[PDB]
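In structure tokens, one chain follows: the form deposited in one PDB entry.
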């Protein structure tokens, strides 16, 4: 079977729609997500036209192999989608209504700059290649675009699922390609990060700051170095669920800042001890008393600067 012939020289319009049934496995490190959806396609094939009077039927059902069907592919998929044809219906005028249910692993890049208080626009790119006989063009049937209310993406809030109605028309391997952009806007559920990562990091940092109320170097060394090891465990835990980015992320900047604060607290502990041994405890006492205010104040200010730069 060849494509439908044109009445004049107009392109063949394939109306499309994606109805999301499931959205799962958003892998941040892999920058992929899995989707289970309906793909609806509609186009006119005059060769399939019939008179409902002489036929006795108002609609005709067909098998995919019996008629011409446009080769629609997804651009940003790992492997070709797994699809199952649900229905193919032809109306008297020859308007074909195709419906399939598919599952696919989608490759969509993520911006981790504001992580874990980030939002993303996931893309699903639909494409059709033109044939020598005629130019095939994609369109969006907005009445056939949507998502199930039960669609839950673990650790994310689904804001909207819309399509950019105008296709991207360009040449690829000496043939025209029509590309539609389906956009799934999501925002991260940051809740869990506060009691599980943010607050534990602060607690161990505040424990390291008790060294500013102690003159015992041996105890101070234990306090700062042991809390540093606990911080390193949290840093490793955090960075393992993120890919390596060529830019600084919000969490990355915080982690880096905390390393500086631990390093400076070691300098203070070292300086205070050196002075006490040099029989200068009065000078050490002045530094330690200043540190009690300076460290929390500089920590709060540095965080305000960071939050400002990132948000």
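Whichever C-alpha set is largest while still superposing within 1.5 Å between the two forms counts as the rigid core. Numbering follows the first chain given and starts at 1.
Here the subject shifts to the form deposited in another entry, a form of this protein not shown in this document.
- After superposition on the rigid core, the C-alpha displacement between this form and the one not shown reaches 2 Å or more for just one residue among 125, 234, 206, 156, namely 234.
- Superposed on the core, the two forms barely differ at residue 263: its CA moves less than 2 Å between this form and the one not shown.
- Superposition on the rigid core between this form and the one not shown places the CA atom of residue 36 less than 2 Å from its counterpart.
- Note on residue 234 and residue 109: their C-alpha atoms are more widely spaced in the other entry, a change of at least 3 Å from this conformation.
- Figure legend: C-alpha atoms of residue 75 and residue 243, shown here, are separated by at least 3 angstroms more in the other entry.
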